[PDB]
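Enquirer: Could you have a look at this structure, given as structure tokens, before my questions?
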Ligand SMILES: Nc1nc2c(ncn2[C@@H]2O[C@H](COP(=O)(O)OP(=O)(O)OP(=O)(O)O)[C@@H](O)[C@H]2O)c(=O)[nH]1
Ligand SMILES: Nc1nc2c(ncn2[C@@H]2O[C@H](COP(=O)(O)OP(=O)(O)OP(=O)(O)O)[C@@H](O)[C@H]2O)c(=O)[nH]1
């Protein structure tokens, strides 16, 4: 049994992180998100995965070949010279999925959840049709496309892009199980699968829906990145509670890499993930922030809800609030205030940013 | 024998100083650590032959004013008396109403100083220019920008005799780049025109600029003395910060023991910093340029203080950044809180210095200026107060940006 993963294709959201490393390669709780997907994947038992990449991603080749060695599962590399979208990747690697008539996973990169792979297999064998979708609850139906579910079977009736009608609570969760007849239907053109191909096989009613129980987030967005980091540290608290780091000046669920350093007399608040090699200095308050690797946060700073990029240098008495994403190698000078500042990489900030704007 | 008349205002004149003037009178507000008319009393007591310093205003005598009068009489070895007017009589009506107390003992001349100015106070140069020429009115004037002069009282003079030929208090057009500093030297003869003005009001309230200076200009009675020293007008509450900056620069020559130095068991210090001896500052704090600390102020560890005035009794907790702010009496700022203002100075030489109206607003929007905390204002932990005015005895709970918190 195989699995295709949709990755590359320049995530336009969280763009100050995407400009340096690719979107599946940025670290989500001291681990890349593609690592999360392929580790849970290999816990499922899939012997080889294929990931389909249109952006030329040589460090992705590099890390993925090293992790071919690390994991024990094979990894195949479908290479795309134009953007083929998200159905075109199935049709370019289509003979590798036509090798064996057995249902395959198709996964989106930007989703984090608790991954119920064998329960998905159990459901796809129970309902016995072409395609199975995963769905989830979202409180906000006016943001995402809804999918109507009848009870005790989970069959789709219709698939609706648009909100604001309230025909469903359930939202697509980015996990599909597809048969080879679905890939037989997919064509080479750069069309996306969920705009056209899922609509027609929802019109024939082949498509069925499986429900998660909890903890889902697509983190393609920086505020959704921070919310998914909060939910992942919740799930990590009541799954492996000895992996979160406990201390006297540590509040809530805090994940600290062993290479990270935390200074004296500082209050690391709730839902904080510090990367490898981070130097947190003396008297820094960090709540709800994700500090990626090699970033140094100097003394007496305050940080709430922030994405600090790789090799950053946040100065002294700096206040950062309102999801200000710093890119790679951003040097914030001392005694500044950043609110909403999406800062592009290799920037030096010497002025306060009082309202949300993009710094370039 | 010389005298000095410091025209302090009253409670109506201090309303523009409002969040700081709610507890103490605007003349007794400490700029660079000492109250703002103690600079005038300091400079007048340095003049040889100065017998008396009179303060004319319509404040009622309460405990801060009388305590200041006793402390100034003990410190400067001079009688400092407060003459309270029965009504607000303007800038010249208090001089005319108290003419018998001013001319008592027959002084050679008497200075007239507006209490809201920050100057280097060149009273000896002005006195000697007067002792050479002996005219009724001598004005102190300074050069200003062409755009800024429309805010102040412009003086058109003749450069040979230094005699003002025209005076307009707030002209809509440019008439002169020389502005009135609010420092005057009066002869006893100068109380003779004021009387005539008073009689023209009967056929009480005399404005010295509009009724006396503009009307007698060009007739040989008013003369100008021009200086290049520091000068500022303290009108709003945030102007006192710029006056504090100027006075701390003046302290390098005038009171070098008042500025704070680098001490191995003490805080880091950049620029000119005044710290009161009663104040306890932690050694991890750094106190940046133009910072004044009052008595009994506890400053925690890691506190950044830059371009600020911290009034007496205030507490800054740990890792608190305070920039361009005035922290009121007994007002407490919690840990990791940021009290920030935008620099706004009332200097007549800067072309895009602000136009200094009564309104703090523009198009509904509050203008970005000095953050002012009133007395006994509690700022909670990890909360930003940016460009805001907080009225006294207020306990905040969240961050406020660009507001007036009533
Ligand atoms: N390999 C390939 N991958 C693609 C292409 N277009 C999209 N993808 C992947 O499709 C997956 C899901 O699409 P999206 O959720 O819209 O993510 P995205 O393409 O990164 O776009 P944004 O997240 O909005 O910036 C992502 O993991 C992308 O990497 C492509 O043209 N070539
Ligand atoms: N005794 C007394 N003093 C006053 C009165 N009104 C104002 N003053 C003081 O006189 C000084 C100047 O008063 P303003 O009317 O505001 O004049 P200005 O705007 O400063 O203008 P210039 O003197 O030309 O620089 C200030 O120190 C006031 O406190 C008053 O009615 N009685």
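Enquirer: Just for the stretch A:1-35: of the residues that are touching a strand residue (DSSP E or B) at 6+ places or on another chain (Cβ under 8 Å) and part of a helix (DSSP H, G or I), which one is farthest from ligand 1 (Cβ to nearest atom)?
Expert: Checking each candidate, the answer is A:16.
Enquirer: Sort through A:68, A:99 and tell me the only one that's out of contact with any helix residue (DSSP H, G or I) (no Cβ under 8 Å at 6 or more places or on another chain), farther than 30 Å from residue A:342 by Cβ, surrounded by 15 or more Cβ atoms within 10 Å (Cβ to Cβ) and outside the structural domain of residue A:235 (by CATH).
Expert: A:68 is the lone residue from the list that is out of contact with any helix residue (DSSP H, G or I) (no Cβ under 8 Å at 6 or more places or on another chain), farther than 30 Å from residue A:342 by Cβ, surrounded by 15 or more Cβ atoms within 10 Å (Cβ to Cβ) and outside the structural domain of residue A:235 (by CATH).
Enquirer: Something else: Any idea which residue in the stretch A:300-320 is nearest to the other protein chains (Cβ to nearest Cβ), counting only those that are closer than 16 Å to residue A:267 by Cα and surrounded by fewer than 22 Cβ atoms within 10 Å (Cβ to Cβ)? Steps first, answer last, please.
Expert: Initially, the stretch A:300-320 is screened for residues closer than 16 Å to residue A:267 by Cα, giving A:300-306, A:316-320.
After this cut, where a residue has to be surrounded by fewer than 22 Cβ atoms within 10 Å (Cβ to Cβ) as well, the list is A:304-305.
On the way: A:304: 8, A:305: 12 Å.
The extreme case among them is A:304.
A quick yes/no check of all residues on (1) closer than 21 Å to residue A:351 by Cβ; (2) more than 14 Å from every other protein chain (Cβ to nearest Cβ):
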{"site": "B:354", "(1), (2)": "yes, yes"}
{"site": "B:359", "(1), (2)": "no, yes"}
{"site": "B:363", "(1), (2)": "no, yes"}
{"site": "B:380", "(1), (2)": "no, no"}
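Enquirer: If you don't mind, there's one more thing I want to ask. State which residue is nearest to the other protein chains (Cβ to nearest Cβ) when the search covers only the stretch A:275-287 and only residues that are assigned to a loop (DSSP other than H, G, I, E, B) and surrounded by fewer than 21 Cβ atoms within 10 Å (Cβ to Cβ).
Expert: A:282
Enquirer: Can residue B:341 be described as away from every other protein chain (no Cβ under 12 Å) and surrounded by 21 or more Cβ atoms within 10 Å (Cβ to Cβ)? Write out each step before concluding.
Expert: On the way: away from every other protein chain (no Cβ under 12 Å): no; surrounded by 21 or more Cβ atoms within 10 Å (Cβ to Cβ): yes.
Considered against the rule, which asks whether it is away from every other protein chain (no Cβ under 12 Å) and surrounded by 21 or more Cβ atoms within 10 Å (Cβ to Cβ), residue B:341 comes out as no.
Enquirer: Considering only residues that are within 14 Å of chain A (Cβ to nearest Cβ) and at positive phi, which ones fall in the stretch B:390-406?
Expert: B:402
Enquirer: Follow-up question, since we're still on this one. Could you pull out the residue among B:385, B:372 that is touching a strand residue (DSSP E or B) at 6+ places or on another chain (Cβ under 8 Å), away from chain A (no Cβ under 14 Å) and not in a loop (DSSP other than H, G, I, E, B)? Lay out the reasoning, then the answer.
Expert: On the way: B:385 fails: away from chain A (no Cβ under 14 Å).
Testing whether each residue is touching a strand residue (DSSP E or B) at 6+ places or on another chain (Cβ under 8 Å), away from chain A (no Cβ under 14 Å) and not in a loop (DSSP other than H, G, I, E, B) leaves just B:372.
Enquirer: Is it fair to say residue B:262 is over 20 Å from the mean Cα position of the chain (by Cα) and more than 28 Å from residue B:94 (Cα to Cα)? Walk me through how you get there before you give the answer.
Expert: On the way: over 20 Å from the mean Cα position of the chain (by Cα): yes; more than 28 Å from residue B:94 (Cα to Cα): yes.
Yes; evaluated as a whole, the condition is true for this residue.
Enquirer: Another question, if that's okay. Read through the list (1) surrounded by fewer than 19 Cβ atoms within 10 Å (Cβ to Cβ); (2) more than 12 Å from chain B (Cβ to nearest Cβ); (3) farther than 25 Å from residue A:251 by Cβ, then give the number of the only condition that residue A:328 fails.
Expert: (1)
Enquirer: Return the pairs, sorted by first residue and then second, in which the second residue is part of a loop (DSSP other than H, G, I, E, B), the first residue lies in the stretch B:77-91 and is on the phi > 0 side of the Ramachandran plot, the beta carbons are less than 9 Å apart, and the residues are 6+ apart or on different chains.
Expert: B:90/B:204; B:90/B:205; B:90/B:206; B:90/B:207
Enquirer: While we're here: If I go through the stretch A:71-89 residue by residue, how many of them are within 11 Å of ligand 1 (Cβ to nearest atom), surrounded by 12 or more Cβ atoms within 10 Å (Cβ to Cβ) and on the phi < 0 side of the Ramachandran plot?
Expert: Of the residues in that region, 10 qualify.
Enquirer: In this structure, does residue B:335 turn out to be in a loop (DSSP other than H, G, I, E, B), more than 23 Å from residue B:23 (Cα to Cα) and away from chain A (no Cβ under 14 Å)?
Expert: No: the conditions fail for residue B:335.
Enquirer: Give the residue that is nearest to the chain's Cα centre (by Cα), with candidates limited to residues of the stretch B:181-215 that are more than 26 Å from residue B:104 (Cα to Cα) and within 16 Å of ligand 2 (Cβ to nearest atom).
Expert: Checked the stretch B:181-215; the qualifying residue nearest to the chain's Cα centre (by Cα) is B:181.
To keep it simple, each residue is scored yes or no on (1) more than 9 Å from ligand 2 (Cβ to nearest atom); (2) touching a helix residue (DSSP H, G or I) at 6+ places or on another chain (Cβ under 8 Å); (3) in the same structural domain as residue B:122 (by CATH); (4) closer than 26 Å to residue B:191 by Cα.
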site: B:49; (1), (2), (3), (4): yes, no, yes, yes
site: B:54; (1), (2), (3), (4): yes, yes, yes, yes
site: B:57; (1), (2), (3), (4): no, yes, yes, yes
site: B:65; (1), (2), (3), (4): yes, yes, yes, no
site: B:71; (1), (2), (3), (4): yes, no, yes, no
site: B:81; (1), (2), (3), (4): yes, yes, yes, yes
site: B:87; (1), (2), (3), (4): no, no, yes, yes
site: B:100; (1), (2), (3), (4): yes, no, yes, yes
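Enquirer: Same structure, new question: Name the residue, out of A:132, A:168, that is on the phi < 0 side of the Ramachandran plot and in a strand (DSSP E or B).
Expert: Sole residue among the options that is on the phi < 0 side of the Ramachandran plot and in a strand (DSSP E or B): A:132.
Enquirer: Take residue B:27 and tell me if it is under 29 Å from residue B:99 (Cα atoms), within 15 Å of ligand 2 (Cβ to nearest atom), surrounded by fewer than 20 Cβ atoms within 10 Å (Cβ to Cβ) and in the same structural domain as residue B:126 (by CATH).
Expert: On the way: under 29 Å from residue B:99 (Cα atoms): yes; within 15 Å of ligand 2 (Cβ to nearest atom): yes; surrounded by fewer than 20 Cβ atoms within 10 Å (Cβ to Cβ): no; in the same structural domain as residue B:126 (by CATH): yes.
No, not satisfied.
Enquirer: Just to be sure before I move on: is residue B:379 over 25 Å from the mean Cα position of the chain (by Cα) and under 13 Å from residue B:333 (Cα atoms) in the structure I sent?
Expert: Taking the combined requirement at face value, the residue satisfies it.
Enquirer: So, in the stretch B:279-296, how many residues would count as being more than 10 Å from chain A (Cβ to nearest Cβ) and assigned to a strand (DSSP E or B)?
Expert: 6
Enquirer: State the number of residues belonging to the stretch A:263-274 that are surrounded by fewer than 22 Cβ atoms within 10 Å (Cβ to Cβ) and touching a strand residue (DSSP E or B) at 6+ places or on another chain (Cβ under 7 Å).
Expert: The qualifying residues number 5.
Enquirer: While we're here: Can you find even one residue in the stretch A:36-54 that is in a loop (DSSP other than H, G, I, E, B), surrounded by 21 or more Cβ atoms within 10 Å (Cβ to Cβ) and away from ligand 2 (no atom under 16 Å from the Cβ)?
Expert: yes
Enquirer: In addition: Quick check on this structure: which one of B:299, B:303, B:310 is surrounded by 24 or more Cβ atoms within 10 Å (Cβ to Cβ), within 12 Å of chain A (Cβ to nearest Cβ) and more than 17 Å from residue B:387 (Cβ to Cβ)?
Expert: Testing whether each residue is surrounded by 24 or more Cβ atoms within 10 Å (Cβ to Cβ), within 12 Å of chain A (Cβ to nearest Cβ) and more than 17 Å from residue B:387 (Cβ to Cβ) leaves just B:303.
Cβ atoms come from the backbone with ideal geometry, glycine included; neighbour counts cover every protein chain shown. Numbers and lists here come from the model and the stated rules, or from a named source; none is laboratory data.
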